[PDB]
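Residue numbers (the entry's author numbering), protein chains in the order written: chain Q, 35 to 60, 72 to 131; chain W, 2 to 102, 109 to 122; chain c, 1 to 48, 70 to 181; chain R, 13 to 136; chain D, 323 to 482; chain C, 218 to 281; chain G, 55 to 75, 85 to 91, 101 to 146, 156 to 189, 212 to 242; chain I, 31 to 222; chain q, 1 to 139; chain B, 137 to 204.
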Ligand SMILES: CCCCCCCCCCCC(=O)OC[C@H](COP(=O)(O)OCC[N+](C)(C)C)OC(=O)CCCCCCCCCCC
Ligand code: SF4
Ligand code: SF4
Ligand code: SF4
Ligand code: SF4
Ligand code: SF4
Ligand code: FES
Ligand SMILES: [K+]
Ligand SMILES: [Zn+2]
């Protein structure tokens, strides 16, 4: 429960120290996504107009079957999170 | 079949005293093979600096309390040791390991867009 | 069977006239084709609802814990009932609405019931059921399979 | 003038010279969409410093070609049927209402259909 | 033979079995399979039936283009197939085939959505290479070349 | 499930260092999430039961 | 339970017939499955083949309920109601959701008249500034 | 009554004669000592293998002289991409973004809006040819046959930038290869 | 197909001038019936020789003498050379011939390694326009 | 160096993978890029013929005479 599983996960420290996650029920499952970077979320590629990014969590969306599972998992990874109340 | 050189069988230690001894034994093995790491990987630093780097990594996990985290940390530390001694890591990876390392003020980050 | 076939019955380019006689004279196995495809025959024409809604009638995933498995040995099954009737019937089934250990159930029950449902064929152990009961094999001989003779260290198995 | 080269307009105001490499297309001078980057601004880059502009791909503008096709006219009907003039190799078939007194283009091809009884007004 | 699939039950072929379990035995077996496949190829060419090649269901398979451009329901299914895919009922499976390298299997987990929740690919060469140390011990360096080649190791399959 | 599909680092050859080095990930074109078109409805129903009758629980008989 | 003409914020209608068990108006199986298929074909009988060029493509209720509760096998002029709503009445499924909002809630040219784009389940009424620019799975 | 009484099975039964017979001894051979030594010392089977190889020396080789000759191609072949036009010169693509969603490699980028004349047309259509897997899903998903793959394969480039096809490049290919595209579509029409 | 009788037979048909060109690029002296010539100038031939093997019945003569580029072959004859069709693009039916609404220029080969190589670029405008500053006097 | 196929050119099918280099030209200089998944044998031969054409335009010794 209180184990610092982030110590043996292998993920970088910024998920714990800098990035903030959101727990929300969008309409039957609970999801976890990450708030965008203030800078570096997107920037237009000068060559072909592609959308560049340095956010490696931009496409990651965890799914959970209960509200309890989403909160328990986020705590187990030491994530900074806020719950978006439905 | 036979295991590779310097391979240890995985075991879940249930005694903090026994875990502490296993950590100290492994820490000695890192120090003893430090001169070997400089030889195989052709590092540009003395073995004395390598031993200092080893101690820092062991000092990071000095105050880990939970036993289950100790076993996973110990198991991963053994795998890394078997990787270094057997020369499985390529020399570029070990050179970059020693390449690792004052934060700017609010205004300084504000000017350049911050993080 | 796939016995030898004459070279002229294969869609390759062979020899003609005096050169075919020479080819038959100097070939160890003269009925072997050259492998070059025939130009005039090969590739001459160049290439240039609910009744049937079986997906939505998929089988439902049903699990069997020790609780329900105990109910089958005690109360029987819907195909081979051994249960009471009326309010007595519902009293016995509601016993298996909570945790009921099967090892405890196996302790106090007639072996005549265990050997009829748990085991099979009068106490015989249940054997791992086969994925295809038609899988049979038989050894054959070179006059049948046409492969290497017996002195080679392999054998050929047919359908049987 | 740099205005007919960097602005989107319904019709070109001058004659398109197909040897002018600053035009958006060999047959059209100005861009045909509001978000389309002008071809003059695109070629003013570091990557075009020592390149031959004449050999770069310059397809003809479809907006100029589609409107040179004559308006189709239907006799004794109020609905125009179009399927790309190719059948299985055209576009999905659609029905075009002709109640209004104007030429209504096809949703896929762009061919503008009209009623023959409305011919004179549309030609005006 | 063990778990037949896709008209392998409607053809005839034989399996070669070795007796000494070395590189020469497997070479003979792979040469027999050469001739057994050619035996199946001839049968399929002589037994190919008429009819649809894909399932008659536009919620899984694309409709014909001629029907897509005239039928509204075909155009909807074509639009939905290529923009959302098709949902697969929740569950899991372990399906194996007789791949030329050996037993290739996939462990797919479905979450009821149009994407697979998990897809574990069981590679026959992955298991063969995991027995190389047991097999190659004692042999010389040129023999390791033979043992590698007799396993039929394609490392895209092994690593994937 | 929490590991991002592109990872965190990428390699390149550094001319000054004369070797291949790891660097934090940057993508010229970020991965596009078309998965958001998940159906607002459920496609498959509740299914059809195929449990053997030999394994279904018996039902009590009606009153005499 | 499929529907086209049911929405609890508006009055009750029975001009879509997709809620048969009309359960929307009625207070409190293979026939029902067949009934849903039969009703679905009627809407698609006259519907134009516009899904590629239609803004409701990935978010169309007619598409999703044709897939879910229908079989896989099977000309009205436009109007102008302002520069905000693009009208293609060929695609209308005649569900009267626009009438209920425009007369009961809106009270109408209105400050809320653009909400009819949300209520129209098909591409009959779509946002004009948004036209042709994006697909719902891109967003 | 099955073999379950002895924990047996139908699959467990080996066929008749499964057990290998007794291995032979030195006296139980069919060839004399001199017969086996003559095949051994004089390399009987080795000389036969040489003769089989020498037969191939007198057969027609398979080699074709590329680029003066080309291997066979089919109307289904997947090659260089190209956007297509109607005979009137209007683009077939209605910027419907079907091919973008299907594309397994996400190699297609589309930006669309309303044309000045009012048509649903794209102003940005890029295919990253270094990311595409030449899989044909875009061609199969197009409802107006706008995006196709031509039988071309010979478009290797010095720089990786030249493999970033934009709309102007793709439309130029469609004009260049329209006749060859017509061959493939007409031949492969019945099967699509 | 590898005999000297075939080579001498083809050498006599082509003549020294044509065969020496084949002795420089083709590596093989070959003869055939002229089938057509594309807009770039390549000459396309078909071989009636019974000893020619399967995939060698069609071949091209390039315009150059020292270098031959496959991209110089016009798209009409690129398909025919690869045995895609048995109808050369100079024998097409009126219906089967493509109809173009734009002028058709001479065939241009691959332009890599030259100044004419294709330069990619973004065809879209910047997604936001900055405010053009205007100054007004302060009252 | 010849870069063949979408994987070596830019990553291809595995462009968004955690364990794939997005183009071999991040590690070594590349002289020609052959497209396809996979490029056909003729597509590779055409790429080789392009490299041989560029090799025949080399002017290394006249570079010493006229540029150095
Ligand atoms: C003249 C100088 C050049 C050749 C010298 C050596 C030749 C072989 C001698 C040993 C033969 C032997 O031992 O014969 C044993 C075998 C056959 O016997 P079997 O298996 O019992 O036959 C079974 C029963 N039959 C008899 C009914 C068939 O014959 C061979 O395989 C002969 C192969 C020769 C064909 C290739 C000729 C050209 C070779 C290349 C030359 C440069
Ligand atoms: S309203 Fe729906 S069914 Fe009708 S054309 Fe638009 S997307 Fe297709
Ligand atoms: S226009 Fe739209 S909202 Fe109005 S009746 Fe038709 S489908 Fe319903
Ligand atoms: S062929 Fe496949 S990978 Fe290539 S652009 Fe088309 S859909 Fe994408
Ligand atoms: S599928 Fe065809 S019409 Fe749709 S966006 Fe792609 S090329 Fe254009
Ligand atoms: S064929 Fe395609 S997937 Fe395979 S290595 Fe080449 S580019 Fe990569
Ligand atoms: S929802 Fe009840 S009839 Fe329309
Ligand atoms: K709508
Ligand atoms: Zn049309």
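Backbone N, C-alpha and C fix where the C-beta goes; we use that ideal spot for every residue, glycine too.
Which one or two residues does DSSP pair with residue 427 (chain D) in a beta bridge? Bridge pairing for residue 427 (chain D): D:418 and D:444 [DSSP].
Neighbourhood of residue 230 (chain G) by C-beta distance below 6 Å, restricted to the same chain and skipping five residues each side: Residues of the same chain with a CB within less than 6 Å of the CB of residue 230 (chain G), apart from the 5 flanking positions on each side, are 220 in chain order.
Compute the minimum distance between the beta carbon of residue 6 (chain G) and the heavy atoms of ligand 3, and state whether it is under 7 Å. For residue 6 (chain G) there is no data in the structure shown, the boundaries of chain G being 55 and 242.
Over what stretch of residues does the beta strand (DSSP E) that includes residue 241 (chain C) continue unbroken? Per DSSP, residue 241 (chain C) belongs to the beta strand (DSSP E) from 236-241.
Any chance the CB of residue 141 (chain B) is under 7 Å from a heavy atom of ligand 6? At least one heavy atom of ligand 6 is nearer than 7 Å to the Cβ of residue 141 (chain B), so yes.
Could you list which residues in chain Q have their beta carbon closer than 8 Å to that of residue 69 (chain W), in chain order? The contacting residues are 37.
Same chain only: Cβ atoms within 6 Å of residue 175 (chain c), ignoring 5 sequence neighbours per side: Within the same chain, no Cβ atom closer than 6 Å to the Cβ of residue 175 (chain c) is found once the five residues on either side in sequence are excluded.
Beta-carbon proximity of residue 434 (chain D) to residue 418 (chain D), cut-off 8 Å: The answer is no: Cβ separation not under 8 Å.
N- and C-terminal bounds of the alpha helix (DSSP H) containing residue 17 (chain c): Looking at the DSSP string, the run of the alpha helix (DSSP H) that includes residue 17 (chain c) is 17-26.
What does DSSP give as the partner residue(s) for residue 48 (chain R) in the beta ladder? In DSSP, residue 48 (chain R) forms a bridge with q:124.
Neighbour flag for residue 444 (chain D) against chain C, beta carbons, 8 Å: No - not a single Cβ of chain C is within 8 Å of the one on residue 444 (chain D).
Range covered by the alpha helix (DSSP H) that runs through residue 113 (chain I): Membership of residue 113 (chain I) in any alpha helix (DSSP H) is not indicated; the residue belongs instead to the beta strand (DSSP E) covering 111-113.
Could one say the Cβ of residue 2 (chain W) lies closer than 8 Å to chain D's Cβ atoms, at least one of them? Yes, because at least one Cβ of chain D sits closer than 8 Å to the Cβ of residue 2 (chain W).
Just the residues with CB closer than 5 Å to a heavy atom of ligand 2, in chain order, which are they? Listed along the chain, these residues meet the criterion: G:122, G:123, G:126, G:128, G:129, G:132, G:134, G:135, G:172, G:225 and G:226.
Can you look up residue 88 (chain q) in the DSSP assignment and give me helix, strand or coil? Look at residue 88 (chain q) here: in three-state DSSP terms it is coil, with no helix or strand label.
If you drop the 5 nearest sequence neighbours on each side, which residues of the same chain put their C-beta closer than 6 Å to that of residue 31 (chain W)? The residues are 55.
Sufficient close CB pairs (3 or more, under 8 Å) joining the stretch 101-117 of chain Q to the stretch 241-254 of chain C: Result yes; three or more Cβ-Cβ pairs closer than 8 Å.
Does the beta carbon of residue 61 (chain G) fall short of 7 Å from some heavy atom of ligand 3? No, Cβ of residue 61 (chain G) sits at least 7 Å from all heavy atoms of ligand 3.
Just to confirm my understanding: we take residue 96 (chain R), look at its own chain, exclude 5 residues before and 5 after, and list those with CB closer than 7 Å. What are they? Counting only Cβ-Cβ distances below 7 Å, and skipping sequence neighbours, we find 102, 103, 120 and 121.
Does any heavy atom of ligand 3 sit closer than 7 Å to the C-beta of residue 223 (chain G)? Checking every heavy atom of ligand 3 against the Cβ of residue 223 (chain G), one is found closer than 7 Å.
Considering Cα atoms alone, identify which of R:24, R:125, R:106 and R:107 is closest to residue 113 (chain R). Out of R:24, R:125, R:106 and R:107, R:125 has the C-alpha closest to the C-alpha of residue 113 (chain R).
Taking the alpha helix (DSSP H) that residue 68 (chain R) falls in, what are its first and last residues? Residue 68 (chain R) -> no alpha helix (DSSP H), and no H or E assigned at all.
Might you give, ordered along the chain, the residues of its own chain that have their beta carbon closer than 7 Å to the beta carbon of residue 175 (chain G), omitting 5 neighbours on each side? Beyond the five residues adjoining it in sequence on each side, residue 175 (chain G) comes within less than 7 Å, by CB distance, of 69 in the same chain, given in chain order.
Residues around ligand 4, please: the condition is that the C-beta lies closer than 7 Å to some non-hydrogen atom of it. Counting only beta-carbon distances shorter than 7 Å to the non-hydrogen atoms of ligand 4, the qualifying residues in chain order are I:108, I:111, I:129, I:132, I:133, I:134, I:135, I:137, I:138, I:157, I:162, I:163, I:164, I:165, I:166, I:167, I:168, I:169 and I:179.
Helix, strand or coil: which one does DSSP assign to residue 158 (chain I)? In this structure, residue 158 (chain I) counts as strand in the three-state DSSP scheme.
Whole-Å CB distance - residue 406 (chain D) paired with residue 262 (chain C), under 8 Å assumed: With 8 Å as the limit, residue 406 (chain D) and residue 262 (chain C) do not qualify as a contact, their Cβ atoms being about 18 Å apart.
Quick one, which of I:94, I:117 and I:96 has its alpha-carbon nearest residue 81 (chain R)'s? When only C-alpha atoms are compared, the closest one is I:117.
Below 7 Å, is the gap between the Cβ of residue 172 (chain B) and the nearest heavy atom of ligand 7? Answer for residue 172 (chain B): no, Cβ out of range of ligand 7.
Of the listed residues D:380, D:481, D:473 and D:446, nearest to residue 343 (chain D) (C-alpha basis): Closest option to residue 343 (chain D), Cα to Cα, is D:473.
DSSP three-state label for residue 405 (chain D), please. Three-state DSSP puts residue 405 (chain D) in a helix.
DSSP-derived helix/strand/coil call for residue 351 (chain D): For residue 351 (chain D), the three-state secondary structure derived from DSSP is helix.
The stretch 82-94 of chain Q: which residues have C-beta closer than 9 Å to a C-beta of chain W, in chain order? Cβ contacts with chain W come from 82, 83, 84 and 85.
With distances taken Cα to Cα, identify the nearest neighbour of residue 218 (chain I) among I:150, I:107, I:111 and I:65. Each of I:150, I:107, I:111 and I:65 was checked against the Cα of residue 218 (chain I), and the nearest Cα belongs to I:107.
So, does the stretch 47-58 of chain Q touch the stretch 446-457 of chain D, judging by three or more C-beta pairs under 8 Å? Counting Cβ pairs under 8 Å, fewer than three are found: no touch.
Indicate whether at least one CB of chain C lies closer than 8 Å to the CB of residue 149 (chain B). It does not: the Cβ of residue 149 (chain B) has no partner Cβ on chain C nearer than 8 Å.
Measuring straight from C-alpha to C-alpha, what distance separates residue 69 (chain R) and residue 202 (chain I)? For residue 69 (chain R) and residue 202 (chain I), the gap between their C-alpha atoms comes out near 6 Å.
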